[PDB]
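# Descriptive analysis of the structure
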Amino acid sequence: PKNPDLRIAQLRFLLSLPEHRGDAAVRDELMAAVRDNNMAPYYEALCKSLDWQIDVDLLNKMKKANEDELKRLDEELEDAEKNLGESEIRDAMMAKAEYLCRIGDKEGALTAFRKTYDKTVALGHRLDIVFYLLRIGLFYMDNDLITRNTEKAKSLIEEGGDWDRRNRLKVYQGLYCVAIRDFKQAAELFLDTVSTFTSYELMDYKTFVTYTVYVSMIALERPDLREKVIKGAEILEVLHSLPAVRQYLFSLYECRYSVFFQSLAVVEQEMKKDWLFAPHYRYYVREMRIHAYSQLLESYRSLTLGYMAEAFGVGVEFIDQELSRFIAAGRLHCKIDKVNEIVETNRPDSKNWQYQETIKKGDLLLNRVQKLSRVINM
Amino acid sequence: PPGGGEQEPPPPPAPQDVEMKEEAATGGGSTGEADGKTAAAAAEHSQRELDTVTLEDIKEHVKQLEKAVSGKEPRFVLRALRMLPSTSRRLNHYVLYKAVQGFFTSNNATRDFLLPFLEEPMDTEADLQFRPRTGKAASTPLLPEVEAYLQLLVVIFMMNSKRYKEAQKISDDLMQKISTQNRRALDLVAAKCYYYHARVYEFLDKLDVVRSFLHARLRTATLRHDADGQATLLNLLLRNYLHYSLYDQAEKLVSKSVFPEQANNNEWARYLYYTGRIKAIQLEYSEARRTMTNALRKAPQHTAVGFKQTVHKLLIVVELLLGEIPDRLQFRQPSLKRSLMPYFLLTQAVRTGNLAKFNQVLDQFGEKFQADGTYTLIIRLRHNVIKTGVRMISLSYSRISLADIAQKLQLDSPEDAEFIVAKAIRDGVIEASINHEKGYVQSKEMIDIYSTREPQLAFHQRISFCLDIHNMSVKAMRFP
Amino acid sequence: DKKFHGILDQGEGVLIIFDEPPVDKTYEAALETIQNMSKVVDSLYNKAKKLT
Amino acid sequence: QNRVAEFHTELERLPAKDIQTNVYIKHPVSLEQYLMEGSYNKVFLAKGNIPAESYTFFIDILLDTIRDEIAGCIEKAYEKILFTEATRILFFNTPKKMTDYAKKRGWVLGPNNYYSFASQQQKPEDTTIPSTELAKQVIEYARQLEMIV
Amino acid sequence: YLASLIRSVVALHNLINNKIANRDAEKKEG
Amino acid sequence: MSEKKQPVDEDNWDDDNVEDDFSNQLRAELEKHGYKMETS
């Protein structure tokens, strides 16, 4: 079907780019591909994985027989029985369309989708078709499919039916995680976590908890992080199951930095086995290290980095080279020092922060009225 | 002829009507403001000038057979408009010949009889009071005369027909333009002629004869008074001397004519491009990169035009001559793909301490540097190859020993690293100081009186600029 | 956790106690008018683009 | 003669002779490149190699206007050194050049110790100095609000 | 930043309101 | 408006902010960043 279907797109990625990760993924994918009569979309995978094997002709006559069994079903149906809409012609012809996502490629499935969308009036059945486009566009990460049908979902459909949209509240920001919006939108609408039935519309629950807790500690640090993920109750049930994730949380909040990096290196290595993975590990770790440095350099204005030699980890020169890259990066607002070996900080004040903002917003509007005064008057 | 000859009637049909009513409304409305309300800057003078750059160059290049632009030369071959009967009879000639050319085929000039069809427009009782009509409707057929692009024996017809116009242009100047002041049109007329007259003197010998004319042309401009005249002729005079690869820049350093004072958002943006290149070649990098920044952010209103990619081209070099670099290829184009790869990979090698890659990609992409006219980077950016790190270190560290900066700049010598730090503070790269007693190089002090003493020295300009907006608003308010 | 107004040192092992000015209410409301002034100029240029 | 801004704008009229050939022109532009980064000593070690005529009447002036600049750096607050630092930094072990900079500059040899005093000024400040001109600026504020109607 | 900006922007409204009322009364005179 | 000076002109979707700061410094972040501890 399409309900556990996104595990396949994980094993497409996990087998492909790490060739060293190629032992057990091929063992339970090819047997899963000869299951469910999966015939069209694996020829690309059959080029990148092992060479060839003859069960193609055996499943081609199986995929043609099930095609012809439903072909003679709905041609006799459309030629004898003449009630339409969401009728028997509808669910037989979507069973062709469900067949071409389950077995076929996208092309026969999408033209059956755009045909059957133009026939119906019940917007729940319309939104279920848009649920099917959004999932096959999430398989092949087609960025042009998803910009269309999300606008179909918001504008063209959801002025009516209700509490079916919370399935898409998990999807609109699941697409924001595969983009670079790992910062605020994904953490904002993963915050409603009460949808637990591991469905097709709720693809998994325990990994969804790990996803909403990784993205959460970048949106907000001290701006009451603790109410929504620490004082939050139903989030705290399932991270009481997972021991490493709760250890990864409370190392950051209760300020134990040495055990925090041991957790963080496990997270980055566990991050590697993801399929929306492109914008993660490289950008995630570098943001979380400067995240922990900002609160540690806070509450101090004169820190010696020999105090960071053992209350932090080890490696005197390692802190020295990483602060030097971060201060030169335009971030991590302090000043590192040699001999004296005392990391000195500096911050703006009331006057200094309010003048730095008004010097920029003033010049932007001043340049804006340079052009506006010259568009008029010739 | 059954395929394309049957698609020959649609071409003429329209453009014989709405492209004809363009200059009919332009020539009527320019005459209407030349007569009354003699301050005629606010008309379709500007939009037709934006059209003669954009529209009528690509509305027609050839004279558009079956008599759309082919008819324009026998249409305007008979123009007196002299007295009130000579206007009303030519108004009948505006009725009859446009009916004939809309119906049948009139006198088709075969691309070389265009100049005798520019004689009887100048002849046939043509007027001097209708000096916008003579100036516009002679220069506007010169663009089909130049953008035919055949460039053989029409180049001397280019040379003749411009000096036909420029003899009328100079005589109008020595003709006392009463209350019209065609200079508002004749500036870009003097530009559009001399863009391709510069091309003609690139296809033949040098254009210093243009500059000897343009010096006298800049002399009679602004001695009368400036109405965009000093602005246009100065960028024209500056461009050849910058185009010549001779010495040519201390001529521009002593060019004390630095007040166009208004440029309608278009001359001033490219004027700041030229003088930014000039202040870059005499090694003043700070003032250059900020007026190159001002030129880039002033008039970008195009669609992947290229000179915007050229001011973006020179701006990254002088910032690599002072260390910082932003994201450059975030506005990538089908043509910027050619021109992003050398410069993005150039600053890739500059930020790292690799010089073998820096010399390799000089050898790899030097011929692209030949097309951009920027040979000089190899002799003057190898300075900042060692100076980028010492700018980066002295911004990061606060009180460093010179014994440790030797390995950090991988120089393997503390004794000359004093001198590199001495040269950078001599050049004002970093404001820091050196303790020559036990080897300390400490940075500056804390954030200074910036919260107290400075900000009124930014506030004074913003008062003065915004009330001048209020002043320029109120003065130009009421035309009725 | 903002239960306190202070700072610490490691170079001297020293706790330091200070105060802060609450008089940001002028400069806070100063640049919030620029957000109102940004929206009106965006509206005017839209009106001026609509007709010359 | 320190026309370094006039130096690089002079180099525009040379199309390709700087790279291909022409060691007569290649030697001073390699010289100016040695003055660029930090490399004082490669200038003075290429002193014994001129492929052209002697060039001595220029390079005596060229190095003299180098020596006084480094002397201008050491005539700052850098207080005291010995002759061996004047041997390392300036050059030349035991030549009447130590007599040259004893009479031109200061640098009196004490008990095997030179002396260079503090060239740092006092920086007289009041910082309420613009009280007249700031009172001027606010006048033309209201003068340009009123009076021009 | 308050008194120089807003005084300029209000008088800028009087430009567009006049330049509209100039030519839209001019094009309807004929 | 031709100005006579224009005759030439997550894939990497927000890449250059990441790349201008960190380029290629063993981005697995474990073999030295997590493996200092054999020194102590």
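Residues numbered from 1 in each chain as written, not as in the entry; some residues may be left out. Chains lettered and ligands numbered in written order. Part of a larger assembly, values for the part shown. Heavy atoms only, no water.

Per the PDB record, the structure was determined using cryo-EM to 4.1 Å resolution.

### A closer look at the interface of chain E and chain B
Reports of interface size often rely on the accessible area that becomes lost once the parts have come together. Of the residues lining the interface, 11 residues belong to chain E; the matching set on chain B comes to 14 residues. In terms of surface lost to chain B, no three residues of chain E exceed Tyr 1, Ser 4 and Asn 18 of chain E, which account for 41% of the buried area on that side. On inspection of chain E and its partner chain B, the count reaches zero salt bridges. Its residues assigned to classes, the side of chain E that touches chain B comprises four nonpolar, five polar and two charged. (Contact = heavy atoms within 4.5 Å. Buried area = accessible area lost by both parts, 1.4 Å probe. Salt bridge = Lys/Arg side-chain N within 4 Å of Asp/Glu carboxyl O. Nonpolar A, V, L, I, M, F, W, Y, C, P; charged D, E, K, R; others polar.)

### Side note on unusual backbone geometry
A negative phi holds for most residues other than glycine; trans holds for most peptide bonds. If you check the backbone angles, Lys 123 of chain D has positive phi at about 55° while not being a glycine. Residue position: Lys 123 of chain D is located in the loop between α7 (97-103) and α8 (131-143). Its identity is not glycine, yet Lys 4 of chain F carries a phi of approximately 65°, on the positive side. When you line up the elements, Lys 4 of chain F lands in the segment before α1 (15-21). (Helix = DSSP H or I, 4+ residues; strand = E, 2+ residues; numbered from the N terminus.)

### Details of the arrangement of the chains
Ranking the nine pairs of chains in contact by contact count places chains A and B at the top. Taking C-alpha atoms only, the smallest gap left between chain A and chain D, which are not in contact, amounts to 19 Å. At the C-alpha level, the nearest point of chain D lies 21 Å from chain F, with no contact between them.

### Notes on the sheet that holds strand β3 (residues 440-442) of chain B
Two pairing modes exist for strands in a sheet, parallel and antiparallel, and in both the strands are linked by backbone hydrogen bonds. Residue and element names in this part refer to chain B. With antiparallel pairing, the three strands of this open sheet are ordered in space as β1-β3-β2. Of all the strands in the sheet, the pair left with one neighbour each is β1 (399-401) and β2 (433-435). Each strand axis lies, on average, 25° off the axis of its neighbour in the sheet, ignoring direction. The sheet contact formed by β2 and β3 spans three bridges and is antiparallel. (Pairing = 2+ DSSP bridges. Axes fitted to C-alpha atoms, helices over the stretch in contact; angles between N-to-C directions.)

### A word on the interface of chain A and chain B
Each side of the interface is counted separately: chain A has 25 residues, and chain B has 28 residues. The contact between chain A and chain B buries some 2,500 Å² in all, and 57% of this surface belongs to carbon and sulfur atoms. Its largest share of buried area at the contact with chain B, chain A owes to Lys 338, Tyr 355 and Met 378 of chain A, together 24% of the area lost on that side. Residues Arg 462 of chain B and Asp 363 of chain A are paired through a salt bridge, measuring 2.6 Å at the closest nitrogen-oxygen approach. On inspection of chain A and its partner chain B, the count reaches seven residue pairs in polar contact. Contributing elements (two or more residues each) for the side of chain A that touches chain B: α19 (316-327) and α20 (350-375) of chain A. Top element by residues in the side of chain A that touches chain B is α20 of chain A. It accounts for 12 residues. (Polar contact = N/O pair within 3.5 Å; in protein donor to acceptor, adjacent residues only side chain to side chain.)

### What to know about the sheet that holds strand β1 (residues 6-9) of chain C
Taken in spatial order, the five strands line up as β2(A)-β3(A)-β1(A)-β1(C)-β2(C) in an open sheet, and their pairing is mixed. What marks the edges here is a single partner per strand, and that holds for β2 (334-335) of chain A together with β2 (15-17) of chain C. Alignment of β1 of chain C against β2 of chain C, held across three bridges, turns out to be antiparallel. In the sheet register, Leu 8 of chain C faces β2 of chain C, and the bridge partner there is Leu 15 of chain C.

### Quick notes on the side chain of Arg 289 of chain A
For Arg 289 of chain A, the location among the structural elements is in helix α18 (residues 281-297). For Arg 289 of chain A, a relative accessible area of 9% corresponds to the buried category. Among the polar contacts listed, one links the side chain of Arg 289 of chain A to the side chain of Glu 29 of chain F, at a separation of 2.4 Å. The residues contacting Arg 289 of chain A, other than those within four sequence positions of it, are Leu 264 and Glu 322 of chain A together with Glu 29 and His 33 of chain F. (Buried < 20%, exposed > 50% of the residue type's maximum accessible area, 1.4 Å probe, protein only.)

### Considering the environment of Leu 204 of chain B
All names here are of chain B. In this fold, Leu 204 is placed in the loop between α10 (183-203) and α11 (208-220). Of the residues examined, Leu 204 reaches a relative accessible area of 46% and is grouped as partly exposed. C-alpha of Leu 204 to C-alpha of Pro 121: the two residues are 83 residues apart in sequence and 30 Å apart in space.

### Quick notes on a negative patch on the surface
Residues and elements named next belong to chain D. Judged by side-chain charge, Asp 60, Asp 64, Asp 68, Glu 69 and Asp 100 come together as a negatively charged surface patch. Within the secondary structure, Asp 100 is located in helix α7. Overall, the relative accessible area of 40% leaves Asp 100 in the partly exposed class. (Patch = residues over 30% accessible without salt bridge, like charges linked within 9 Å, V, L, I, M, F, W, Y side chains within 5 Å. Areas by Shrake-Rupley, 256 points an atom, 1.4 Å probe, with all protein chains shown as cover. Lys, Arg positive; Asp, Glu negative; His and termini not counted. Charge placed at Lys NZ, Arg CZ, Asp CG, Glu CD.)

### Focus: helix α17 (residues 257-271) of chain A
Residue and element names in this part refer to chain A. Helix length check: α17 (15 residues) gives 20 Å between terminal C-alpha atoms against 21 Å at 1.5 Å per residue, within 8%. Among the residues of α17, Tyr 257, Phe 260, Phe 261, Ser 263, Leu 264, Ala 265, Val 267, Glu 268 and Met 271 are the ones counted as buried. Contacts from the buried residues of α17 go to α12 (206-214), α16 (243-253) and α18. (Expected span 1.5 Å × (residues − 1).)

### What to know about the pairing of β1 of chain C
Residues of β1 of chain C alternate between two faces, with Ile 7 and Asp 9 of chain C buried on one and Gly 6 and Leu 8 of chain C left unburied on the opposite face. By the bridge criterion, two bridges tie strand β1 (residues 300-304) of chain A to β1 of chain C in an arrangement that is parallel. Looking at β1 of chain C, one finds that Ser 302 of chain A is bridged to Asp 9 of chain C. Hairpin connection, β1 of chain C to β2 of chain C: the antiparallel pair is bridged by five residues, and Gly 13 of chain C has positive phi, about 65°.

### Details of empty space enclosed by the protein
When its volume is computed, the largest cavity comes out at roughly 170 Å³. Considering the residues around the largest cavity, the lining is formed by 17 residues, among which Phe 261 and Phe 318 of chain A together with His 33, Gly 34 and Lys 36 of chain F are closest to the centre. Mapped onto the lining of the largest cavity, the elements with two or more residues apiece are α17, α18 and α19 of chain A. Among the elements that make up the lining of the largest cavity, the one with the highest residue count is α17 of chain A (five residues). The class makeup of the residues in the lining of the largest cavity is eight nonpolar, five polar and four charged. Taken as a whole, the second largest cavity encloses approximately 120 Å³ of empty space. Those elements giving two or more residues to the lining of the second largest cavity turn out to be α20 (382-396), β1, α22 (414-426) and β3 of chain B. (1 Å grid on protein atoms, 1.4 Å probe; cavity = no way out; pocket = protein on both sides within 12 Å on 5 of 7 lines; lining within 4 Å. Points joined across faces, edges and corners; volume = space filled by probe spheres on them.)

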